[PDB]
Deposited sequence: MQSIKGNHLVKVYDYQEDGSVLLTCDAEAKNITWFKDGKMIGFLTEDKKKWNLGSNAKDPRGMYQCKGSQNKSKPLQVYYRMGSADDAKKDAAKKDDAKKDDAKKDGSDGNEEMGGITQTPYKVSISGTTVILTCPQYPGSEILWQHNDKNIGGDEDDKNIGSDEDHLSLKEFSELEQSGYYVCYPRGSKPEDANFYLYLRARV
């Protein structure tokens, strides 16, 4: 989530005065090249380095990755609602997330570098196989970075993290 280890250099700037979604690239600043769903979407030659996705009311979405002087970084699955990606389903006030990789092993989930879906003492947070259910989802509290990884593996080793921002 907060860390960029694991080639997860793409992060969302949560410091916007207006409802605009800005993306940042954590690479040695020479020139930043932005990509969206594999296609190049911009090339920042010095000066500015953040990529603006527009207003959050437009529900920006896609697999975003950047690249400096090294190879392209891992994708950042952006999912706003105001490689196989994570599946997001909204039904009323319940948000369901599906782990893209479900080989049948014990799937663990983490939100903002904090494990979730393990304890049964949470009625609004349930984990069923590769599906994580969030009942009565809180926009200000339950939004952020999400990642699914199997027991024994590092969360930073995931192919990509999911950035969920939903108003329900």
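### Query
For this chain, which runs of the deposited sequence have no C-alpha coordinates, given in order from the N-terminus?
Coordinates drop out only over 83-118.
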